[PDB]
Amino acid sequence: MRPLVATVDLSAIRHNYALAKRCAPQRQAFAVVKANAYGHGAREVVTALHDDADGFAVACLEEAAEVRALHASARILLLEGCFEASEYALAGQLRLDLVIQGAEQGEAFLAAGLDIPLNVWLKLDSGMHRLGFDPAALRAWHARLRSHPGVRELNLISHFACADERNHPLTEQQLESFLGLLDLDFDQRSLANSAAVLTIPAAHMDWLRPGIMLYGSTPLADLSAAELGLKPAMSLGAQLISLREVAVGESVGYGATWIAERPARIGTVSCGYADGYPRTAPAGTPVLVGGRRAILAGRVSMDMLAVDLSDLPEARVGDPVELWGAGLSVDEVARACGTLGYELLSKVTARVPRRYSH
């Protein structure tokens, strides 16, 4: 088989979830498992956290349906709520926690006429300015929904825009904006993402919403996952499929963007952008070969990648290549590529086989 495997350490995820829990020991935490549990496998992640998780949060009904099929009783939150009229009936049947974040969505809920009472989370836009109500509108919808027969729990949710930064003004502003609604009778309040879980105890409220940290990728711009005690879940391992000698002045890969200055050893790796790796990953991007540090040379192809092995003379065809995992953080690779671990993990494509360990 093509030597490229994503290994998922499930005990790391449980460890990381327990760690998030320890940040607010008397409180509750959603396991955010949207986008196929951030590329790790929603079915397997929900199974590993079946008893551990206070609840689950997802991006859509398709994902919610998948979680419910696996956990018959657990709390499942639709982070974006329902997208259309026909979803409400199914949401009722699967006993989902709903989000109302706009007027259209709120009017759709009212028009649905569901018999079964559900928990409804009203979304405050506290500065992100994408989804959510402004305070006046949320107050209006709190009034219309508090004593509604189909509402079991009326709750409050909002999201930080810059919680990853150690001291961005908007963070404190959002927190104070969230507290501007302390007067309204809410059954639950939720504010904290991974970054907030770890660094803003005042925002913990009732339900934490850790996503990225569960997978051993840092939510913070200034602290690494290793510094935070998070264990990496995904190991994307490949192999050296080719070794070449490249003479001075000769180029490597598309566009002839990499030119040898000295007699060079160039290794080809069984990983490309069709696997999820960034196409535009620059020269100098780290990679591990036989557990040793090396760097990218030349453009990343659809199915192949190239590395400079001029300083690794013992490296041979067949040697294991770690793109990211326990030895090289997905965050380090991501940053060198001008992006975040979020993206690298999310986009590991279907063609990449998944293994699961403990």
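Residues carry their position along the shown sequence, with the first being 1.
Relative to its counterpart among 129-137 and 215-223, 129-137 has the higher mean temperature factor, C-alpha atoms as listed in the PDB entry. Stretches 34-42 and 294-302 differ in mean C-alpha B factor, with the higher average recorded for 294-302. Among 160, 121, 254, 277, the highest C-alpha B-factor in the deposited entry belongs to 254. By the numbers in the PDB entry, the CA B factor is greatest at 311 among 54, 331, 311, 66. In the deposited entry, the Cα temperature factor of residue 325 places it in the lowest third of its chain's modelled residues. In this PDB entry, the Cα temperature factor of residue 188 sits in the middle third of its chain's modelled residues. Ranked against the other modelled residues of its chain, the C-alpha B-factor of residue 242 as given in the entry falls in the highest third. Residue 315: CA B factor lies in the highest third for its chain, per the PDB record. Looking at the C-alpha B-factors along this chain, the one for residue 101 belongs to the highest third.
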